[PDB]
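Visitor: My structure file query-v8.txt, compact mmCIF, C-alpha atoms and all ligand atoms, is below:
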# COMPACT_ATOMS: atom_id res chain seq x y z
CA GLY Z 1 8.09 9.08 24.32
CA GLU Z 2 8.77 12.19 22.25
CA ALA Z 3 11.01 12.02 19.14
CA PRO Z 4 10.70 15.25 17.12
CA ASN Z 5 9.68 14.70 13.49
CA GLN Z 6 12.49 16.47 11.62
CA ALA Z 7 11.22 15.54 8.15
CA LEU Z 8 11.62 18.21 5.47
CA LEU Z 9 8.53 19.44 3.60
CA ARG Z 10 9.81 20.58 0.22
CA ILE Z 11 7.81 23.25 -1.62
CA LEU Z 12 8.01 22.86 -5.40
CA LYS Z 13 7.61 25.62 -7.96
CA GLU Z 14 4.95 25.02 -10.60
CA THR Z 15 7.48 25.86 -13.34
CA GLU Z 16 9.69 22.94 -12.25
CA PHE Z 17 7.48 20.07 -13.45
CA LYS Z 18 5.73 19.59 -16.80
CA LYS Z 19 2.42 17.73 -16.61
CA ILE Z 20 2.05 15.33 -19.54
CA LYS Z 21 -1.20 13.39 -19.16
CA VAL Z 22 -4.13 12.70 -16.85
CA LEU Z 23 -4.00 9.25 -15.26
CA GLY Z 24 -7.63 9.27 -14.08
CA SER Z 25 -10.12 10.64 -11.57
CA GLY Z 26 -12.30 8.89 -9.01
CA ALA Z 27 -12.25 8.15 -5.28
CA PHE Z 28 -10.23 11.29 -4.56
CA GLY Z 29 -9.51 13.59 -7.49
CA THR Z 30 -7.31 14.19 -10.51
CA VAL Z 31 -4.02 12.27 -10.69
CA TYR Z 32 -1.55 13.41 -13.35
CA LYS Z 33 1.62 12.03 -14.86
CA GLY Z 34 4.54 14.30 -15.56
CA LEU Z 35 8.24 15.02 -15.32
CA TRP Z 36 9.79 17.12 -12.55
CA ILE Z 37 12.90 19.10 -13.51
CA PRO Z 38 14.62 20.88 -10.60
CA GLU Z 39 16.06 24.17 -11.80
CA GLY Z 40 19.57 23.76 -13.17
CA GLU Z 41 19.93 20.32 -11.59
CA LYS Z 42 20.32 18.44 -14.93
CA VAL Z 43 17.77 15.78 -13.92
CA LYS Z 44 14.30 14.83 -15.16
CA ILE Z 45 12.23 12.86 -12.65
CA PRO Z 46 9.02 11.00 -13.64
CA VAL Z 47 6.42 12.00 -11.05
CA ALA Z 48 2.73 11.63 -10.29
CA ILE Z 49 0.68 14.64 -9.17
CA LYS Z 50 -2.52 14.42 -7.13
CA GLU Z 51 -5.22 17.02 -6.45
CA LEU Z 52 -8.98 17.50 -6.28
CA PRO Z 53 -13.10 23.65 -0.51
CA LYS Z 54 -11.20 23.05 2.79
CA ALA Z 55 -10.54 19.46 1.88
CA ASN Z 56 -6.98 20.85 1.98
CA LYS Z 57 -6.84 19.83 5.65
CA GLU Z 58 -7.24 16.19 4.57
CA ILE Z 59 -4.74 16.30 1.69
CA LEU Z 60 -2.17 18.02 3.92
CA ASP Z 61 -2.52 15.28 6.54
CA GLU Z 62 -1.55 12.78 3.83
CA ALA Z 63 1.41 14.98 2.89
CA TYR Z 64 2.51 15.07 6.54
CA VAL Z 65 2.60 11.26 6.68
CA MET Z 66 4.09 10.73 3.21
CA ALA Z 67 6.97 13.09 4.04
CA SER Z 68 7.63 11.28 7.34
CA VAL Z 69 8.48 7.86 5.87
CA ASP Z 70 11.59 6.56 4.11
CA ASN Z 71 11.57 2.89 3.11
CA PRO Z 72 12.12 1.05 -0.20
CA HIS Z 73 8.59 -0.42 0.05
CA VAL Z 74 6.69 2.75 1.01
CA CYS Z 75 6.07 5.63 -1.40
CA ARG Z 76 7.51 8.90 -0.10
CA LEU Z 77 6.38 12.44 -0.87
CA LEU Z 78 8.74 14.38 -3.12
CA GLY Z 79 7.06 17.70 -2.34
CA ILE Z 80 3.95 19.82 -2.67
CA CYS Z 81 3.06 22.77 -4.91
CA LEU Z 82 1.06 25.68 -3.49
CA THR Z 83 -0.52 27.15 -6.59
CA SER Z 84 -4.27 27.73 -6.95
CA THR Z 85 -4.77 24.11 -5.86
CA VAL Z 86 -2.67 22.05 -3.46
CA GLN Z 87 -0.74 19.39 -5.38
CA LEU Z 88 0.94 16.25 -4.04
CA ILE Z 89 4.00 15.15 -6.03
CA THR Z 90 5.40 11.63 -5.63
CA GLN Z 91 7.48 9.11 -7.55
CA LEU Z 92 5.69 7.74 -10.60
CA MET Z 93 4.91 4.02 -10.44
CA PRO Z 94 4.67 3.21 -14.16
CA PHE Z 95 2.98 -0.21 -13.92
CA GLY Z 96 -0.04 0.96 -11.96
CA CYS Z 97 -1.52 -0.45 -8.79
CA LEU Z 98 -1.03 -4.12 -7.94
CA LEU Z 99 -4.76 -4.91 -8.08
CA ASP Z 100 -5.15 -3.83 -11.70
CA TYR Z 101 -1.77 -5.35 -12.57
CA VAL Z 102 -2.67 -8.81 -11.28
CA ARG Z 103 -6.03 -8.64 -13.08
CA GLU Z 104 -4.55 -7.65 -16.45
CA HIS Z 105 -1.68 -10.19 -16.37
CA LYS Z 106 -3.60 -13.13 -14.89
CA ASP Z 107 -2.15 -15.75 -17.25
CA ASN Z 108 1.48 -14.57 -16.87
CA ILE Z 109 2.11 -14.26 -13.11
CA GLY Z 110 4.29 -16.91 -11.48
CA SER Z 111 4.50 -18.03 -7.87
CA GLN Z 112 7.87 -16.31 -7.35
CA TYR Z 113 6.35 -12.89 -8.07
CA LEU Z 114 3.28 -13.51 -5.90
CA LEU Z 115 5.42 -14.63 -2.96
CA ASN Z 116 7.98 -11.85 -3.46
CA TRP Z 117 5.18 -9.27 -3.39
CA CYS Z 118 3.90 -10.49 -0.01
CA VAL Z 119 7.44 -10.31 1.38
CA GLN Z 120 7.81 -6.72 0.18
CA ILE Z 121 4.37 -5.62 1.39
CA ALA Z 122 5.18 -7.16 4.77
CA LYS Z 123 8.51 -5.28 4.79
CA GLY Z 124 6.88 -1.91 4.18
CA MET Z 125 4.20 -2.73 6.76
CA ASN Z 126 6.80 -3.71 9.36
CA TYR Z 127 8.57 -0.40 8.70
CA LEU Z 128 5.31 1.49 9.28
CA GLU Z 129 5.07 -0.34 12.60
CA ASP Z 130 8.61 0.76 13.50
CA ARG Z 131 7.39 4.32 12.87
CA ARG Z 132 4.33 3.54 15.06
CA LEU Z 133 2.08 4.22 12.06
CA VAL Z 134 -1.25 2.46 11.50
CA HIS Z 135 -2.17 2.43 7.81
CA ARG Z 136 -5.90 1.66 8.31
CA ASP Z 137 -6.46 1.06 4.56
CA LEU Z 138 -4.14 -1.70 3.34
CA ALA Z 139 -5.41 -3.30 0.13
CA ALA Z 140 -4.20 -4.45 -3.27
CA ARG Z 141 -5.45 -1.20 -4.83
CA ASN Z 142 -3.19 0.77 -2.45
CA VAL Z 143 -0.02 -1.10 -3.49
CA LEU Z 144 1.69 0.46 -6.51
CA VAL Z 145 4.07 -1.26 -8.92
CA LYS Z 146 7.35 0.48 -9.72
CA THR Z 147 8.61 -2.59 -11.59
CA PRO Z 148 7.11 -6.11 -11.61
CA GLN Z 149 9.87 -6.92 -9.10
CA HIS Z 150 9.35 -3.88 -6.84
CA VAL Z 151 6.10 -2.72 -5.22
CA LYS Z 152 5.43 -0.05 -2.61
CA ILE Z 153 2.60 0.81 -0.21
CA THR Z 154 0.72 4.06 -0.86
CA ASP Z 155 -2.34 6.10 0.16
CA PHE Z 156 -1.97 7.38 3.73
CA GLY Z 157 -5.22 9.36 3.81
CA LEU Z 158 -6.41 7.27 6.76
CA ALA Z 159 -2.97 6.66 8.31
CA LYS Z 160 -2.87 7.42 12.04
CA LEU Z 161 0.23 7.88 14.20
CA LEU Z 162 0.42 6.32 17.67
CA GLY Z 163 2.66 7.15 20.60
CA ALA Z 164 3.76 5.24 23.70
CA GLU Z 165 -5.56 1.68 19.64
CA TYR Z 166 -6.94 4.57 17.58
CA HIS Z 167 -10.62 5.47 17.91
CA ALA Z 168 -12.14 6.77 14.68
CA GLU Z 169 -15.06 9.13 14.08
CA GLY Z 170 -15.28 9.71 10.31
CA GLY Z 171 -17.42 8.20 7.57
CA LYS Z 172 -16.44 5.96 4.66
CA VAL Z 173 -14.38 2.92 5.69
CA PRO Z 174 -13.48 -0.21 3.68
CA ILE Z 175 -15.51 -2.81 5.58
CA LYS Z 176 -14.35 -5.92 3.72
CA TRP Z 177 -10.67 -5.24 4.54
CA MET Z 178 -11.23 -4.30 8.20
CA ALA Z 179 -10.66 -6.39 11.30
CA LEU Z 180 -13.70 -7.38 13.34
CA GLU Z 181 -12.81 -5.18 16.32
CA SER Z 182 -12.60 -2.22 13.91
CA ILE Z 183 -16.08 -2.81 12.47
CA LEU Z 184 -17.68 -3.03 15.93
CA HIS Z 185 -15.67 -0.71 18.21
CA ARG Z 186 -13.63 1.35 15.70
CA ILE Z 187 -10.37 0.11 17.23
CA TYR Z 188 -7.32 0.21 14.94
CA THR Z 189 -4.01 -1.48 15.83
CA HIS Z 190 -0.92 -2.67 13.97
CA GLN Z 191 -2.64 -6.04 14.34
CA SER Z 192 -5.72 -4.45 12.77
CA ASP Z 193 -3.48 -3.87 9.74
CA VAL Z 194 -2.42 -7.54 9.76
CA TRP Z 195 -6.05 -8.51 9.16
CA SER Z 196 -6.06 -6.22 6.12
CA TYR Z 197 -2.77 -7.80 5.04
CA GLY Z 198 -4.50 -11.18 4.95
CA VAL Z 199 -7.28 -9.81 2.76
CA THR Z 200 -4.66 -8.14 0.56
CA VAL Z 201 -2.80 -11.43 0.10
CA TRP Z 202 -6.11 -13.14 -0.69
CA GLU Z 203 -6.66 -10.55 -3.44
CA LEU Z 204 -3.34 -11.46 -5.08
CA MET Z 205 -3.78 -15.23 -4.78
CA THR Z 206 -7.23 -15.03 -6.42
CA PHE Z 207 -5.79 -12.81 -9.19
CA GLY Z 208 -7.91 -9.77 -8.35
CA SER Z 209 -11.19 -11.22 -7.09
CA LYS Z 210 -13.44 -9.10 -4.90
CA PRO Z 211 -13.73 -10.33 -1.29
CA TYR Z 212 -17.24 -11.35 -0.21
CA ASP Z 213 -18.51 -10.64 -3.72
CA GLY Z 214 -22.27 -10.13 -3.74
CA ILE Z 215 -22.37 -9.69 0.05
CA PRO Z 216 -23.70 -6.38 1.44
CA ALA Z 217 -21.24 -4.64 3.75
CA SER Z 218 -23.93 -4.41 6.45
CA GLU Z 219 -23.87 -8.21 6.83
CA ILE Z 220 -20.07 -8.53 7.01
CA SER Z 221 -20.19 -8.02 10.78
CA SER Z 222 -22.67 -10.89 11.09
CA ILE Z 223 -20.66 -13.25 8.88
CA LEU Z 224 -17.27 -12.80 10.56
CA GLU Z 225 -18.75 -13.19 14.05
CA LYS Z 226 -20.23 -16.57 13.04
CA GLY Z 227 -16.72 -17.82 12.23
CA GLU Z 228 -16.78 -17.52 8.43
CA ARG Z 229 -13.75 -16.30 6.48
CA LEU Z 230 -12.61 -15.97 2.88
CA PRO Z 231 -12.26 -19.30 1.03
CA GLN Z 232 -9.03 -21.06 0.16
CA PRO Z 233 -7.88 -19.86 -3.29
CA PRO Z 234 -7.30 -22.67 -5.81
CA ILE Z 235 -3.56 -22.01 -6.29
CA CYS Z 236 -2.70 -21.87 -2.58
CA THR Z 237 -1.39 -24.84 -0.67
CA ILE Z 238 -2.63 -25.23 2.90
CA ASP Z 239 0.70 -23.73 3.99
CA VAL Z 240 -0.12 -20.43 2.28
CA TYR Z 241 -3.80 -20.49 3.27
CA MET Z 242 -2.98 -21.22 6.92
CA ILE Z 243 -1.09 -17.92 7.05
CA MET Z 244 -4.10 -16.06 5.61
CA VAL Z 245 -6.40 -17.70 8.17
CA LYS Z 246 -4.03 -16.78 11.01
CA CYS Z 247 -4.33 -13.09 10.11
CA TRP Z 248 -8.12 -13.39 10.58
CA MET Z 249 -8.20 -14.66 14.16
CA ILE Z 250 -10.53 -13.02 16.67
CA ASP Z 251 -7.82 -12.45 19.27
CA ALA Z 252 -5.92 -9.57 17.68
CA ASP Z 253 -2.56 -10.85 18.97
CA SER Z 254 -2.43 -14.23 17.08
CA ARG Z 255 -2.38 -12.54 13.71
CA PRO Z 256 1.32 -12.89 12.92
CA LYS Z 257 3.39 -9.80 13.43
CA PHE Z 258 4.65 -8.23 10.21
CA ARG Z 259 8.23 -9.27 11.02
CA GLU Z 260 7.08 -12.90 11.19
CA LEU Z 261 5.19 -12.66 7.89
CA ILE Z 262 8.43 -11.46 6.29
CA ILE Z 263 10.23 -14.60 7.47
CA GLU Z 264 7.49 -17.09 6.53
CA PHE Z 265 6.99 -15.76 3.00
CA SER Z 266 10.76 -15.40 2.55
CA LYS Z 267 11.22 -19.14 3.03
CA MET Z 268 8.32 -19.90 0.72
CA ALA Z 269 9.92 -17.56 -1.83
CA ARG Z 270 13.09 -19.67 -2.08
CA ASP Z 271 10.94 -22.62 -3.24
CA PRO Z 272 7.88 -20.98 -4.77
CA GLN Z 273 6.15 -23.86 -6.57
CA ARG Z 274 6.14 -25.97 -3.39
CA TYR Z 275 3.57 -23.52 -1.97
CA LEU Z 276 1.71 -22.09 -5.00
CA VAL Z 277 0.34 -24.34 -7.75
CA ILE Z 278 -0.13 -22.25 -10.91
CA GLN Z 279 -0.88 -23.66 -14.37
CA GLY Z 280 2.13 -23.03 -16.60
CA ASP Z 281 4.63 -21.76 -14.04
CA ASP Z 282 14.05 13.11 -25.02
CA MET Z 283 14.66 10.28 -22.53
CA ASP Z 284 18.32 10.98 -21.73
CA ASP Z 285 18.79 12.78 -18.38
CA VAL Z 286 15.91 10.86 -16.76
CA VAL Z 287 16.52 9.89 -13.13
CA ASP Z 288 14.26 7.68 -11.05
CA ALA Z 289 13.24 9.31 -7.78
CA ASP Z 290 14.83 6.41 -5.86
CA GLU Z 291 18.23 7.58 -7.18
CA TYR Z 292 17.64 11.29 -6.44
CA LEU Z 293 18.63 11.94 -2.81
CA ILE Z 294 18.73 15.45 -1.33
CA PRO Z 295 20.29 16.17 2.12
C1 LIG Z 301 -5.13 1.11 -9.25
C2 LIG Z 301 -5.29 2.58 -9.16
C3 LIG Z 301 -4.08 3.28 -9.79
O1 LIG Z 301 -3.47 4.11 -9.14
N1 LIG Z 301 -3.69 2.94 -11.15
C4 LIG Z 301 -2.54 3.56 -11.88
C5 LIG Z 301 -2.60 3.63 -13.40
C6 LIG Z 301 -1.42 4.26 -14.20
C7 LIG Z 301 -0.20 4.81 -13.44
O2 LIG Z 301 0.90 5.40 -14.18
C8 LIG Z 301 1.07 4.84 -15.56
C9 LIG Z 301 -0.14 4.74 -11.90
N2 LIG Z 301 1.04 5.27 -11.24
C10 LIG Z 301 1.05 6.03 -9.91
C11 LIG Z 301 -0.23 6.28 -9.13
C12 LIG Z 301 -0.22 7.02 -7.83
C13 LIG Z 301 -1.58 7.23 -7.10
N3 LIG Z 301 -2.66 6.43 -7.28
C14 LIG Z 301 -3.66 6.89 -6.50
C15 LIG Z 301 -5.06 6.28 -6.40
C16 LIG Z 301 -5.08 5.23 -5.22
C17 LIG Z 301 -5.66 3.91 -5.74
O3 LIG Z 301 -6.62 3.43 -4.82
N4 LIG Z 301 -3.20 8.01 -5.83
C18 LIG Z 301 -1.93 8.22 -6.19
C19 LIG Z 301 -1.01 9.39 -5.65
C20 LIG Z 301 -0.41 10.42 -6.62
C21 LIG Z 301 0.49 11.54 -6.08
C22 LIG Z 301 0.80 11.62 -4.57
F1 LIG Z 301 1.62 12.64 -4.08
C23 LIG Z 301 0.20 10.59 -3.61
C24 LIG Z 301 -0.70 9.47 -4.15
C25 LIG Z 301 1.09 7.52 -7.28
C26 LIG Z 301 2.38 7.26 -8.05
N5 LIG Z 301 2.34 6.53 -9.34
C27 LIG Z 301 -1.29 4.12 -11.14
For this file, write the structure as structure tokens.
Guide:
Amino acid sequence: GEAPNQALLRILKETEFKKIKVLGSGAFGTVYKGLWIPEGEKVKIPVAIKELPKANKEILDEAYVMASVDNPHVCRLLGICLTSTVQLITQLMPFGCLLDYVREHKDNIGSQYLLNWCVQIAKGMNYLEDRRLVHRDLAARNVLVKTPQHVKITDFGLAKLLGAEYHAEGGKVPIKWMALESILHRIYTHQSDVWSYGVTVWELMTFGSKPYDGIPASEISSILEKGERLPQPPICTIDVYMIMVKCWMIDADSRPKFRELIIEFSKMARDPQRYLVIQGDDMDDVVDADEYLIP
């Protein structure tokens, strides 16, 4: 009913990290790659730096959330830099986001990886529920790939923190990943995130397809109320597709809880091809951020 948030917000000097290349702009703003070298700490840490005015209130809300999480399947904030622009520094995920990764390696992704990814995404999502945190923007584009065997959830710009059912007021929302009760009444729950988890899994099983492609977002409310959902992907058995359909039920409380999605996909992961049918199944002192722990 209280629980003080004793997370540490580290302030990083601009002379500590060396930007190396621009990763790309769009949606938000500039995202860099670089190395972060703490002064006299004999380490070099590959990092990603974000920036884009008084939008600083929005970027600092994301820094508040990113610094308040600690889970192997959720990207944590390493620190911020308060130079002429406000920078967000996090661990570099070298293989990009999962959406672009699954699109580029279509013909070389096995069932074991697809099922392992859903287990890990469900693990990070169940952790966010333990922190009473509603992501509100779960998608394949917001899942980054550290290694092909290790993914993490990112982008907390819309993440809201509950206590002991959030009502939104802002503008741009991703309609095609949102639960029905969020499109109509702007209600967001941990079960609202489960709906987005189902759409996220559907993205992976279709190897990067766009949900409701060619359908205007204004008609999504009409379609889902009539009982229509996303189609069964070709590679998915009815066992896998039944789980997707369960996350899209009207009653918010049937959508499996994230702890149950961990279990179901775990058991499918120990026999992957029974449930997915796929055709043909100075770099010296560099430390990964996951092995750099500060008290
Ligand atoms: C699919 C979009 C994408 O992010 N692609 C991508 C291409 C190349 C990369 O490195 C080789 C990475 N690594 C990475 C990215 C991010 C990051 N991505 C975004 C855009 C959201 C996509 O919808 N925002 C960030 C970011 C950066 C710094 C922060 F403090 C917080 C968030 C982070 C880490 N590694 C990705």
Visitor: Which one of Z:54, Z:176, Z:106, Z:146 sits closest to residue 289 in chain Z if you count all atoms listed in the file?
Guide: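 Answer, going by the shortest atom-to-atom distance: Z:146.
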Visitor: Return as a Markdown table the residues of chain Z lying at most 7 Å from ligand LIG 301 (chain Z), together with the closest atom-to-atom pair for each and the distance in Å to one decimal, counting all atoms listed in the file, with rows in chain order and ascending residue number.
Guide:
| residue | atom | partner | partner_atom | distance |
| --- | --- | --- | --- | --- |
| Z:23 | CA | Z:LIG301 | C6 | 5.7 |
| Z:31 | CA | Z:LIG301 | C20 | 5.7 |
| Z:33 | CA | Z:LIG301 | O2 | 6.7 |
| Z:47 | CA | Z:LIG301 | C26 | 6.9 |
| Z:48 | CA | Z:LIG301 | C21 | 4.8 |
| Z:49 | CA | Z:LIG301 | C21 | 4.4 |
| Z:50 | CA | Z:LIG301 | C21 | 4.3 |
| Z:77 | CA | Z:LIG301 | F1 | 5.7 |
| Z:88 | CA | Z:LIG301 | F1 | 3.7 |
| Z:89 | CA | Z:LIG301 | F1 | 4.0 |
| Z:90 | CA | Z:LIG301 | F1 | 4.2 |
| Z:91 | CA | Z:LIG301 | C26 | 5.4 |
| Z:92 | CA | Z:LIG301 | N5 | 3.8 |
| Z:93 | CA | Z:LIG301 | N5 | 3.8 |
| Z:94 | CA | Z:LIG301 | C8 | 4.2 |
| Z:95 | CA | Z:LIG301 | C8 | 5.6 |
| Z:96 | CA | Z:LIG301 | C27 | 3.5 |
| Z:97 | CA | Z:LIG301 | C1 | 4.0 |
| Z:98 | CA | Z:LIG301 | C1 | 6.8 |
| Z:99 | CA | Z:LIG301 | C1 | 6.1 |
| Z:100 | CA | Z:LIG301 | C1 | 5.5 |
| Z:141 | CA | Z:LIG301 | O3 | 4.8 |
| Z:142 | CA | Z:LIG301 | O3 | 4.9 |
| Z:144 | CA | Z:LIG301 | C10 | 6.6 |
| Z:154 | CA | Z:LIG301 | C24 | 6.5 |
| Z:155 | CA | Z:LIG301 | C24 | 5.7 |
Visitor: Residues within 6 Å of range 266-278 of chain Z, please, as a ChimeraX atom specification. Count only C-alpha atoms; anything in the same chain fewer than 6 positions from it doesn't count.
Guide: /Z:111-112,115,235-237
Visitor: I need the residue nearest residue 61 in chain Z from this list: Z:179, Z:35, Z:82, Z:161. Use all atoms listed in the file for the distance.
Guide: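 Closest to residue 61 in chain Z, using all atoms listed in the file: Z:161.
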Visitor: Nearest to residue 203 in chain Z: which of Z:185, Z:244, Z:162, Z:288 is it, counting all atoms listed in the file?
Guide: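 Closest residue, counting all atoms listed in the file: Z:244.
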Visitor: Would you pick out the contacts of range 245-259 of chain Z at 8 Å or less, using only C-alpha atoms, so that residues sharing its chain but fewer than 2 positions from it are not included, and give the list as an MDAnalysis selection string?
Guide: chainID Z and resid 122:123 125:126 179:180 191:192 194:195 197:198 229 241:243 261:263
Visitor: Closest to residue 72 in chain Z among Z:57, Z:230, Z:291, Z:32, using all atoms listed in the file?
Guide: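 Of the candidates, the smallest distance to residue 72 in chain Z is held by Z:291.
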Visitor: If you count all atoms listed in the file, which residues fall within 7 Å of residue 151 in chain Z, apart from same-chain ones fewer than 6 positions away, as a VMD selection string?
Guide: chain Z and resid 73 117 120 143 to 145
Visitor: Quote the spacing between CA of residue 201 in chain Z and CA of residue 118 in chain Z in Å to one decimal place.
Guide: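 Between CA of residue 201 in chain Z and CA of residue 118 in chain Z the gap works out to 6.8 Å.
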Visitor: Just to confirm, what's the straight-line distance from CA of residue 157 in chain Z to CA of residue 214 in chain Z in Å (one decimal)?
Guide: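 Answer for the CA of residue 157 in chain Z to CA of residue 214 in chain Z separation: 27.0 Å.
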Visitor: What is the distance, in Å and to one decimal place, between CA of residue 169 in chain Z and CA of residue 58 in chain Z?
Guide: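 We find that CA of residue 169 in chain Z and CA of residue 58 in chain Z lie 14.2 Å from each other.
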Visitor: Restricting the calculation to only C-alpha atoms, which member of Z:37, Z:240, Z:22, Z:9 is positioned closest to residue 286 in chain Z?
Guide: Z:37
